[PDB]
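I'd like to ask you about the structure that follows.
As written, the chains take the letters A, B, C, D, E, F, G and H, and residue 1 is the first residue of each chain.
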Amino acid sequence: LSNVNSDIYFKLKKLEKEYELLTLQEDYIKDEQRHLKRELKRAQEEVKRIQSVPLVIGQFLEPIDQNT
Amino acid sequence: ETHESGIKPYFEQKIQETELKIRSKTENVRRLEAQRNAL
Amino acid sequence: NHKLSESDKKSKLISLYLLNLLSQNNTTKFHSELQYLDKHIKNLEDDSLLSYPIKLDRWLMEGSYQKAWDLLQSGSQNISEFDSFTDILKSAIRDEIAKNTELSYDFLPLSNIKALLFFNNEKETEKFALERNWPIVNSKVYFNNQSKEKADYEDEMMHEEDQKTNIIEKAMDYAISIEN
Amino acid sequence: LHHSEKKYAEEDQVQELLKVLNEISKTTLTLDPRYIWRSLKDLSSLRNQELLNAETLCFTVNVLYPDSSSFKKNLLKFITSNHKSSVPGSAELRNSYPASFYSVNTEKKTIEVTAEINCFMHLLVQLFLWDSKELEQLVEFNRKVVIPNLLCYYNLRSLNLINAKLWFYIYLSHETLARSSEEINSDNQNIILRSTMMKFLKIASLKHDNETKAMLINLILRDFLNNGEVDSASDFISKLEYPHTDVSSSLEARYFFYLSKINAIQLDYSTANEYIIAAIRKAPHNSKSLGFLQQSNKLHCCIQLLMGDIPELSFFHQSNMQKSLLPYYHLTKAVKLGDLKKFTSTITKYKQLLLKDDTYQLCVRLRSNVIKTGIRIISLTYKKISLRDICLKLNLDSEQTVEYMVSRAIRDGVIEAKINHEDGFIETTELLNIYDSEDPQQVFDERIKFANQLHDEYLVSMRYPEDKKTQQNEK
Amino acid sequence: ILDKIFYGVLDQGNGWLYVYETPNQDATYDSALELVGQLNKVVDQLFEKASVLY
Amino acid sequence: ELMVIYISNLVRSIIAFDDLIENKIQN
Amino acid sequence: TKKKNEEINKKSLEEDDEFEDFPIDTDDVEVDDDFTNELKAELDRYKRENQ
Amino acid sequence: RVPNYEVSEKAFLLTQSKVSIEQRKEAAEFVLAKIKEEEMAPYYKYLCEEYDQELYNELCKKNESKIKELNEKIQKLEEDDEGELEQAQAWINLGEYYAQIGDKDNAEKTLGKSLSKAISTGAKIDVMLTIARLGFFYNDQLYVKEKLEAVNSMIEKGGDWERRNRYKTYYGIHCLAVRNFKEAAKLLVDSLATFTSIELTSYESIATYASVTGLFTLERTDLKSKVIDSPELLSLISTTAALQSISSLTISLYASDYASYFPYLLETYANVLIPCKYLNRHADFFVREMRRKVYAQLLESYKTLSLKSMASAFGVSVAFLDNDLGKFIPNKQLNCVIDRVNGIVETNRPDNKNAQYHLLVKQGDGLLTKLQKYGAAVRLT
């Protein structure tokens, strides 16, 4: 078990900064998903403005399509 | 061999600590990744 | 397994120990000590002198203080250095009842205090009342005083905000519970 | 005849051993090997019954043997030496393959395989001893061998998961022989049994291996109940190093069972009632948990009676555990009425049955509870009641004696009343509607946190299988 | 009184009749009892779906 | 949602095993 | 079978099977009071006539 | 078949030593007349414990007679060519012989042959029930339970409306016999209309029992509609003594005259609950409930009463009242406490916001238990 001990000093010390970066990436994406929450709502506003006056009354005939 | 069995708890503490950190990091970043993509 | 490992002094010394824990007024610790002995006294040493502190605990547990008090007195006719813990455990009886009787009413006729707590003279009665912050005006006690005063002092401490839990406090916790 | 059966039996074992061996030496997936090791033992225990059980002996001859050969010999010597093919090297079914142990190269020390084979060999040995009841000599010798063998090795996490089963066996065999009949030599070894599992608690805590930690903690707490030092248990239990991270639900159930017993006698039912119920749910519900199921029901009856609660009559009636819960049933009635006379007769008559499970210790203390519980119910019924009426009903000596047992009781707010001696009745202290009061806010606060906890639990966990599935190759 | 045509209570100790009309009871909570009732069926069904995991 | 995503995983195990199975058949 | 080792270890510590030691070894709370009651209500009336 | 319920109820009076000595022996003469008439030698051995060898010779004889009759018949029929129809009708007559002698076991066997060859689905249901009846005759309720289960499988497979009416009454008796008086109250009030006389405890008995189950279960309001104003009960009038005793009781409750209620309670206990076998075991359940339900109704109408006043009305002593009420308070329907010294019985009942708080908090706690159990399980698996 003499072999493992050597590696702590050499290899793994260098990789400890690499493992800091994984904590930073984790932190980052909470902020990014949070952002898309806000955005969702703000997009909602836009849609609402269309719904509003002025409007013109029609007669729906038939569908061609679930969304058209 | 016999010497190194005894002296091990100095070394063993630091490396096993570090490894645990990798296991929990990977877990977290990929869970949040899925959430971000859906939204 | 036996090679002495027993003594004539053993039954005696164990009894005094137990007695000591009761004078501290610790029910739990008395049980803890008992369990250590329990197995090795069941019939190997039987129960005949060891019996004095077990009978006393039992009665106080029940809350029959009358009963406890009688046996204490009769312990001095079966004295085996019992006297040294007798005296302590008599002051204990009075403290315990006094604490109880706060919740029951505010006023006791002078005669009732003396009877209940087992005072033998009215001197002991008026002494104890002073130490409990109760004046005796016209031969009547007056628990009314100390109860209110104790609440007032308690309110001054620092632990405390979370122990009562403010309305502002309750909401804030739930909001960040959600926003984690 | 005999040889063929042992050989086939040995072969069956050889198959299982190889699966779990490959598994450990191919990447790190620790949790999967550990579950496999649990099944392997049971399979082998059911196996032994048939195709003879000197298959172990066969395998010993045909492995690398450092001191396992002489240990095996020791084993047959206890139960009278029976030799019939028991000389090492009189089977070679390895055949020096790189697929099933390279006999030369291991001896040479270019490759090493005696490690794991040794740890497994002691495990097989212990299983056989306990099944048979080959106790005596073998127990001391076993304890002696395994401790320098496992500490010889630079301990893994892997290795720790195997030895937490060995530690149990050491403890069990010593105890069982002891209750059969006392010996002096048995108490000398007791001191040594306490010291070894206790020292090891620190080792296991540095390694942060969860299986080992859990196990050691249970054993040490049991030990303290055996010898009656409640005090020692207090210092030990303030620190909670009990992991609950990944351990078997069965260990969790065992832990909670200790906690109940100790707290109860330290006069707390708040925690006790929670842990024995919690343990039932944690514990499996197979036909292998009949022992456990039964005794949980027995301790809980006591805990409730001690607090002053009356357990369901329905609980004992509708049970299939009624046969056993015959003393408990009788206690419940006696207490209910406040009749003193019935209580004395009950406790004396059932002394032996209660004493087995040490519930007798709890039952002396239920003398206070007989009188007090009958008065909880009488205050409930009659709001204002003269001390005179109480005395006649429950046989209690005089109005002055009843006042003293009641005065103590209401401090603790069991009965919830206040005495008026200057008038002469005792008047229940009502709370009536508690919605009107501010009680519900506190109820809510807790519950919200419980909901919150499950959500986080769902979320961490949900991801776990998904991470595996993505990385594997798919069509 | 039992028919509930004016539902009061009679105190004999004073020889008085107090009559009560429309006692207040949480309406918010009336709507919640039906909502919790639905949730309880739903968790049994969900587990049954999840019996496939076993 | 636990259940629904979980059911998908169980199926994912099956499709993964097939990949290995399908490779054998061409060989 | 994975549970099986833990369960076997645990049963020993509980004490074999006390459930099966027990048969080898050896207003539902108390009795209906209406029979008695009959006797009582009638006697009330007897007194009551003469009161 | 038909004699079995009559035989057993007479046998049950004789068993009892509670009832008047006169009734016990009046019943002796009557059971004896049917014992001889039907040849009950296997079954006499059960009855003689629980309170001529000629009955047995007569038996055995009846055995070779009725036993042989069916045998050789059954054989000529199995030889003759129509297998499905003719053999099975004959096996129905086979089951009748065992059913006459009160042996429930051999009756089951031959009636099983009857079913075996294919018969009308409706006919199979008639047959299952016949076996079921013999379960009441022994008083083995466990026997009835399983038999009646097999009928409900076939009741809607067939569509039979005809056999559904019978099942209602038998199931009424089942529920009545068992401790659950809830299902009984429902099943039996609708068996009044759809009473089928054929092999069942008389119409007069059913009517009495319906009232009993009525009283235990149903609210004051719900008794009025369904039992008192129940058109059938009024059509049947009070003729039998038992019907009268239970009916009168109902009435004085509603009308709230509590001078006449307690004398009727005493009557129903003597003449109705104790002699009926089913209600001998449930005597305790029913009488404790009635005492609590009447006292609850009176407390609701009073903020406060005197003990002397409540007692005086009933026609029980102040002492008597004080004990009997303190049994009933901790089971909690009365919802009152008694000031001994002032002698007042004050009544405290919540009707406010607290009602809607308790219901909510309890239901919502029951839901959380389930979430924990199920969630934690699925994570592991």
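Methods note: a contact is a pair of C-beta atoms (placed from the backbone, for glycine too) under 8 Å apart; a residue touches a chain by one contact, two chains touch by 3 or more.
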Number of hops, chain A to chain E, where each hop joins two touching chains: 4
Comparison of D-G and D-H (more C-beta pairs in contact): D-G
Inter-chain centre distance, chain E versus chain F - centres from mean C-alpha coordinates, in Å: 50
Where chain B and chain D are represented by their mean Cα positions, the distance between them in whole Å: 31
Between chain A and chain B, centroid-to-centroid distance (C-alpha), Å: 26
CA centroid of chain C to CA centroid of chain E, Å: 47
Residues of chain F touching at least two other chains: 2-3, 6
Overlap residues in chain B, where contacts from two or more other chains coincide: 4-5, 8
Sites on chain H at which at least two other chains make contact: 352-353, 357, 364, 371, 375, 378
Chain D residues touching chain C - in the complex, by the definition given at the top: 182-184, 227-231, 265-267, 361, 364-365, 367-368, 371-372, 400-401, 403-411, 418-422, 441-442, 445, 448-449, 452
Residues of chain E touching chain H in the complex: 1-2, 9-13, 18, 23-26, 29-30, 32-33, 36-37, 39-40, 43-44, 46-47, 50, 53-54
Chain F partner contacts - residues on chain H that touch it in the complex: 375, 378
Residue numbers on chain F that touch chain H, as the complex places them: 2-3, 6
Residue numbers on chain E that touch chain F, as the complex places them: 46, 49-50, 52-53
